[PDB]
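# Output the structure for:
(2 chains)
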Amino acid sequence: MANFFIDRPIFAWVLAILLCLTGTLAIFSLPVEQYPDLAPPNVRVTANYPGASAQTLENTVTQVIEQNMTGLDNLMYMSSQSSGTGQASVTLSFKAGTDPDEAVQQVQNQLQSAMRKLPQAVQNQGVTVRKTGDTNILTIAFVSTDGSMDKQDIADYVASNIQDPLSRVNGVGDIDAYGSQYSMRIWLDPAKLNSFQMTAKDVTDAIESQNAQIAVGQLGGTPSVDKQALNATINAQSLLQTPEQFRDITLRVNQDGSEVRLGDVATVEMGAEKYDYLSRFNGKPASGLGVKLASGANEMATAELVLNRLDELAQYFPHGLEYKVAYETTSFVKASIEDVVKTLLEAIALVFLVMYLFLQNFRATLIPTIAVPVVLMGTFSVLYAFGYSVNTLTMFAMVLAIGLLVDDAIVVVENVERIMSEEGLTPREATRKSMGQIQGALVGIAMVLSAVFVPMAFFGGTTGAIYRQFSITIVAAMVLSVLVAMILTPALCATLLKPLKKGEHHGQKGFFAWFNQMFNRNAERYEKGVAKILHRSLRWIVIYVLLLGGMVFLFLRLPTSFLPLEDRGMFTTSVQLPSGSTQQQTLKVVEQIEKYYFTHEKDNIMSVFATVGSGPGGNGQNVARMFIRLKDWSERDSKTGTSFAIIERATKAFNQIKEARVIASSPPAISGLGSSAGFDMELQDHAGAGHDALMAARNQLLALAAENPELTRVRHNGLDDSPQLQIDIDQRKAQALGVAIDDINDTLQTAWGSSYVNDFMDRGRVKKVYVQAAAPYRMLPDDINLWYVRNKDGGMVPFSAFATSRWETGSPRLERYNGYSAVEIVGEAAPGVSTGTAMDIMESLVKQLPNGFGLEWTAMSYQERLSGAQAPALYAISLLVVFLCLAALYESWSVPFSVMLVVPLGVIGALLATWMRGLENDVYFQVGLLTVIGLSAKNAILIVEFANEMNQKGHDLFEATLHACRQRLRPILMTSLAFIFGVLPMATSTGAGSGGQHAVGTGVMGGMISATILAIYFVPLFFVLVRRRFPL
Amino acid sequence: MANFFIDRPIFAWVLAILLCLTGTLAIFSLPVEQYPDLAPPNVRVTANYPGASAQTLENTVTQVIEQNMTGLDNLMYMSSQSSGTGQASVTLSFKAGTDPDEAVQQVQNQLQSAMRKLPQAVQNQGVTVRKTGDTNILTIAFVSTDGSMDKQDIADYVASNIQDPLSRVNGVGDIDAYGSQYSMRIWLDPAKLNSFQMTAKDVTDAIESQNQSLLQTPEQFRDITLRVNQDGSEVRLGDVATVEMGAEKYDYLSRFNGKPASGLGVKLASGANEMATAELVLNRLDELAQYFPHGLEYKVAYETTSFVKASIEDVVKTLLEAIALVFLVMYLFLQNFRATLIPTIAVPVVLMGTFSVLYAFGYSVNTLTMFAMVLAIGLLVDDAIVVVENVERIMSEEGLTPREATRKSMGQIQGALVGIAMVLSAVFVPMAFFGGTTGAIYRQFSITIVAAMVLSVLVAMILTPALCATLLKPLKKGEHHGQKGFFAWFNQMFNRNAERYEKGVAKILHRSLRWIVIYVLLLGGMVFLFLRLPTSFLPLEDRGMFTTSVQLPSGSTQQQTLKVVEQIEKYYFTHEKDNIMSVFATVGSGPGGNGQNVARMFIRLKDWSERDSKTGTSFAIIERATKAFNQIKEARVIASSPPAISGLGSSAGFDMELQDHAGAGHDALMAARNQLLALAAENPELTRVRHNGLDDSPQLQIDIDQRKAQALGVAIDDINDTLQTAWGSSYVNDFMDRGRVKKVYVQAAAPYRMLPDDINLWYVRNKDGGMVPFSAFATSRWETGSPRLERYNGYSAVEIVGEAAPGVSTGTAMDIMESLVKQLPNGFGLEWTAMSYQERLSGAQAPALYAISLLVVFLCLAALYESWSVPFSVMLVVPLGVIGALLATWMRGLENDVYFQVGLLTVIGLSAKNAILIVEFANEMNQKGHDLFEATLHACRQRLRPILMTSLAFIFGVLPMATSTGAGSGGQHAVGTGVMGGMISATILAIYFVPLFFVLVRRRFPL
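Residues are numbered from 1 along each chain as shown, chains lettered A, B, ... in the order given. Okay, here it is:
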């Protein structure tokens, strides 16, 4: 194989060009992402029980649904919520890698099973099963520049002309509206309704009958008369347009001639919702749109399309209206990807320079360099074939790969150079002999550098996915490198390399002359030291045992985490006032926060978009969210302008604020995983105690978390108990009175809440018609008697006769986790403290709580615990696979055992580097540690394979190992330095996703430094000792 | 390899016979189609909202479904129609190659979520997801010869006894009926109703109450008691209304050859074979015919299998003629009969092996694969011809025995055999990876041509060496020697011309600069011709059918449409009689939509043999019709030929969607559409430009004073029910006729539902039981609404279709249309759909294929011959053939379509073949050490004969295609013309320029 392509260089060039072209096509056709899915698919089951208390809804529906749902295929954990508004939502998160469609089908089947057991009212209302994609790809704010357009006018225009076309953009799962369009809202006064003896049902029926559009046939139908002239459709009536027409709805004509008009019994207005989002942008009234990314769609492409369409729509906005991008994700993705590309190019440059240092010949430097584009584009082709994408994980794997993939090319080139320099052979003969000598070594290096990343691919969860991303890329790169090393590089060495003895490089003074002198002297000293330590075995065995102990100590000492946080240029601050607070107080607090951000962080804030209130769909107005967008990373400082510094500085001031609970939190590392950054904990009530007991436990936990300085921004992701109405309707009492269940239910919906009726055409656009009770009347325990519902006989049975309403203090929103009343508690670790330490502290605090209150981590916390628990297995499996592969290659057990003893020499260096830098044991460290294992095995192989060959030929073990070290010192050094300077830009990256780059690069760089400076001495010791113990 | 079969011929014979047998088995088990599955898969979601206006239907139903369906996999585009009848259909088309079942499953999953959001009435009706067939395999008509059976009787019999059996025939996805079953029509009379003081609701309720015993005869219905007077007298239904057994639907009034008839539109089930399904349908119909009442007879008004069969037969004929011409030219160059037979025997083996490969890969016998086979016939014989020619030359000169001569020849040209196959197969590889309809077409050819090439190399190194070692006789110096007739003159002429050619090649080698300038000029001319040449997708074919569409002004009655249809039918019967077999018309059915003002008429022409080749072509008669039809000002009448691909679009030409890219206003959209139609009518490059839709129609909106209605104690429900019963129709109950359950409808008699003031003739029953006239609380008013609303990719749109004027390509027409759209008021943009979208995609992605194919061929040659110089020398001759292909295509009036693209690829391969045949031998001689001039001159002298004979074999193989006159003449001409011109130029230029390129490259880069 190697000899075949030596004499046919053009064939090798053609193969390389084919790989390059396929890779270029793949690159131009590969999708761009920040991360892959990496998120457990979630399916949400939603049910509605109108006019039902939260506890009653939870008991009658939520629990039942959960019971049937339990026992699914890959159900990781069930989380459920029961709201006072009457909506029950049970969320089912499935194990990562589960196809969402199959999960949805299973949930639908079990919902079919459970639907009968549910209350018939809920069944009539309808139960919905859908895969929930809640990733907010971008949030858009529409603000009137001139001020001519009112906030309600802005909301109406947006919901009429912008929301509808944007919803039709590809990949837009759901576009939330932070403002509501106008609607023909009709406010019923029960006083007038009882005055004229008309129930709300009569009003609804009159609106339905009078405001309608029905086709009744055709003028001039097909069996027409002999000579008709016109064929036209006939419509029964028209849809009302102005509010005045609604006021003229008849509803009755008395015998005297008087008519009880709708305006006589109610008031109609083309207004907006009673409690609409009081959205603001940079201290100005504005409306908003929240675009959510549909499941299984590319965020960047969808955002570009939406932005694109919005740009088009903008061209047709009324004078003085413009759109602002309050929240954007693709900016960070583009910045991070471009930064990683710059890092990769800098890595290629540094690898070229370090190779040129050892190989002064320019062509000899080019020959391994050419392997980089070929293997890189082949890896891109492999990624395209397997359906992977260009994300941060794959790009990090590529940058890691560079130094590994250049290894075999470097080995071949320098072996050819050594043969040319010493034996004096021609480049062709030198290449032949070099391939014959080191054919085994290349295969061994590829095996050790690829076997480490195989087992990782067989794990599951988000962790397994991350591992797989690295595996595929790195395994493909290693396979191509070993293919390139035996196809392209031998031909290049046989052709590109000039004899180089005519040029007389020896005697050429300069920097390279001094470098060669230093290298030769140090190599001689190194061989002397290797001989000495071979003689003095016991001392270095003791040193090795001490290194093992230090490695264990650093392993236990190192804090753990899942994924480094990144400066995305955004963070969200949440405002929660004490329960019962009006929207105006929340607005005042929001104004205070905006003033703080404008007057303190004036050099970093680009725009703040606040959203006061829960909106029309919700219960309390004491909630506000504030989307904060920072300036570009270049504009902001690298020390005080970072997102983390801004968040901490704001957190101090906001913790000073006592008016309301205000927390500034960075966005989560993974969009679909968790709501915000930091740990995510569910405080389950295992004892089954009361809800108030759970609330007291929650308060104790929050107080303790506030006490500990290791924890910051600890908050309850929920709502506090507040007085709530509970309309209780006795079905048997109503049926004794003969009043229909449907009629009383509709009347209850109309009075307590709002009832949609039909549509009316406004300016050519259809808009909804809502029938609602008057402002003072909200089906209070007092006014329930004022409402009347006629029975079958027609007599106006009073509502109070069959229904009872009473104020009750309880939680508006009840939550459950895995069959246990629980409250979700979220928080973040203090600066300098890892997430794992924060989780340990939270576990200690929950232990400090009274009995019966266990905890269960969810989302990113759950998967971080999974990765931490599963990490030792991988290491063990990867080491075992490397050992078995090495035993298979050399058909011996002494050689692989000698190699595996060098693995601790790299792990100690990686641990030292991460510990000194201040990083933590995350997933990246794990994959890094795996890379360090592979490279330590690489150096060990580079020595022991030649030593074993020499021994098998019959040379003395001492002489054989000394000769092997002397010859292979330069290959080990230059390959390792190539890798070190390849990963150096990662460890010193600035801006964009610099945190991930640092986390990946630091550990591997330290591992390489230790691996060289320890292996070059210990590998001879291991090989000699093992061979003495087990002779040939 | 070669030597093995030389000494063991029996093994090679066994292999050849095995391949032939496998191919023969494959041929008789290979399905036959006109085209493979080239149309993108379409999924249609239909929703029915009864009693809903078009605008209401679009707002409440269509928009919801469109919003939910967004996000599907490989969703090319969405098009939706909100008809005034209450039916909304959102058509989703996916990328070509997408699994239809997977698409349907995804659509159903997305619809399940959307079901809840829909109005309750729509959910009760039921939204249906179905793979869109929309391909009329055949339109059969049933006409009573005697006239005893009335048109409605024909329709009823068809629905009762024919529609059901045919629908169960395998492969019949749907069977549209242009008739209606019997129904007990009860025509009310408001005057009689007032006489007896009964409202329409009284009659409706009574008839509902009356009804397993069901009334059968009309008389039994006329005996229905509506009211019993106190005197004992009872009011009968016949006393107040007229009972008749008519149709449940009067929408369609079909007419065959000026005679009443009813029709069935048979539609193909997705994936089924067209020819087999049509044969089954017809067979079944024959069985049914065995029991048709006297006088009734079915007649095929539309048929596709006729053209498919005729075209396939024509392509087989041209294939056989190509084989014969290849044999003749080989016999011209190889005077010995056995020497000619040896390459000929390779043709059946390679062809049948290709058939086996197609059967294994699942491909069928379509026009594309057959064209590829015809091309391969000239392509495949190249290696066998080279082997035989080299053997003959060695025997003539060295005098060796056939066995040793074949051995030496195989040793000498083993490299060239591999190189020719490599270049002829590497061009067609990248083409296979392309997508869309175009990629599918490419693949049909690639698979076929690449398989043929591989089998050609295999036969050339296995079968032909054995044949040369056995069949050939040393009689070349014997029987063959001593020629005196025509062949002697031919040999003398060829020898003299070869000497002249070699001398000229030497001279041109001396005069390099002049011919370099000539080559640069040829490059410039090639670029100029490529830019000037117009573009298209596929050539239109005279399929013996075409359709004319009638669209009277909105609001026109059925009778006026029938009058215009009669005028058109008279035109066809008189002016164009020697070419028209039959005309089948259907009032009420149209491409854009259904209505009394729209009629669609099917015209079937006589056989191609009967019709004139010049004035009887479908295009000529259609142009004459358009000249005549354009004069008709009563209506818009357009005669359109069938689309190139059945599933791609509704009709031939371009297809675009003028849509409001922003802003709004349906009236603004209609005004823009009118402007666009006027501008298109102005242009002389565009013909038959129209919009596939319905203009805004008058609508009679009734206004009801609810105050007066309640003052008189009249319920709104009653006044809606009376209006629906009178103007619309009322499905009161069912009745059984001849063992079949049929509907009973109650409706006002025609004279009383014919004017807007007829609303005042009706009465309602108030709460007290009195008769309140409608005039008390009803006011009629005229308005204007759109019967059918369209949306394309979300935006409101109007579908505008049309065709290019004769002499103008479809691409030029599309450019003209894009120019016209820019003249519209700001906010309106266009998107190309159907086949037009695919044409734009193919044109956009065309330069890539060429670049990639050229690069792949270059790299393969460099890998094979281990020198950059050889492919550089070879690739320089590609323009020498491309110029000829472009010149021939431009001269013959053809355009740059898909076939031309595959042709350009074939021409690239042929130019590479000739360049290889020269430079391989020249490079070998130079590497052996011979002088470059001597090497190239010797290579030209020796390889002139094989190059000329292979090239002539190919050109005369494609000659019948370029001069075919059968059913598929257009496609055969499009494929053959460019390739033939390219090959001609490739020979007559390469045989001189290739030495120049090789010599110049070697001098610049000495070995």
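# so what's residue A:350 up against?
By CB atoms under 8 Å, 6 or more residues apart in numbering or on different chains, the residues touching residue A:350 are A:981, A:982, A:984, A:985. Where you see a C-beta, it was placed from the backbone N, CA and C, and this is true even at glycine.
# Most neighbours among those residues, which one?
residue A:982 (31 neighbours; other CB atoms under 10 Å in any protein chain shown).
# Checking my notes, that residue in a helix, right?
Yes. According to DSSP: H, G, I helix; E, B strand; the rest coil, residue A:982 belongs to a helix.
# So which residues on the stretch 751-900 of chain A come close to chain B?
Residues of the stretch 751-900 of chain A found near chain B (CB under 8 Å from any CB of the partner chain) are A:759, A:764, A:766.
# From those, keep the buried residues only.
residue A:759 (16 or more other CB atoms under 10 Å in any protein chain shown).
# So which residue is dead centre in chain A?
residue A:670 (1.8 Å; CA atoms, centre = their mean).
# What helix or strand is the closest residue to chain B within the stretch 101-250 of chain A located in?
In the stretch 101-250 of chain A, the residue that lies nearest chain B is residue A:217 (2.9 Å; CB to the nearest CB). According to DSSP states H and E, residue A:217 maps onto strand A:215-219.
# by contact count, what packs against that strand?
strand A:232-235, helix B:716-726 (3 or more CB pairs under 8 Å, 6 or more residues apart in numbering or on different chains; DSSP states H and E).
# got a markdown table for those, with distance to residue A:13 too?
Formatted as a markdown table, those follow (distance: least, CB to CB, whole Å):
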| stretch | distance to residue A:13 |
| --- | --- |
| strand A:232-235 | 74 |
| helix B:716-726 | 81 |
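# ok, how many other residues are close to residue A:197?
12.
# who's in contact with the nearest residue in space to it that is not next to it in sequence?
Leaving aside its sequence neighbours, residue A:197 sits nearest to residue A:796 (CB to CB, 6 or more residues apart in numbering or on different chains; 6.3 Å). By CB under 8 Å, 6+ apart, residue A:796 lies in contact with A:194, A:197, A:199, A:788, A:789, A:790.
# could you flag which of those are buried?
A:194, A:199, A:788, A:789, A:790.
# Quick check, the last one in contact with residue A:199.
Yes. Applying CB atoms under 8 Å as the test, residue A:790 and residue A:199 come out as touching, 5.4 Å apart.
# For residue A:285, give the beta-bridge partners.
Counting by DSSP bridges, residue A:285 forms beta bridges with residue A:280.
# List the contacts of it.
A:143, A:144, A:150, A:151, A:154, A:279.
# Show me how to select, in PyMOL, the buried members of those.
To isolate the buried ones among the contacts of residue A:285 in PyMOL, judged by 16+ other CB under 10 Å, type:
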select buried, chain A and resi 143+144+151+154+279
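# Tabulate the contacts of residue A:285 in a markdown table, adding columns for distance to residue A:894.
Listed next are these as a markdown table, based on distance: CB to CB, whole Å:
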| residue | distance to residue A:894 |
| --- | --- |
| A:143 | 75 |
| A:144 | 81 |
| A:150 | 85 |
| A:151 | 80 |
| A:154 | 79 |
| A:279 | 72 |
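# residue of the stretch 501-650 of chain A with the smallest distance to chain B?
For the stretch 501-650 of chain A, CB to the nearest CB, closest residue to chain B: residue A:617, 16.0 Å.
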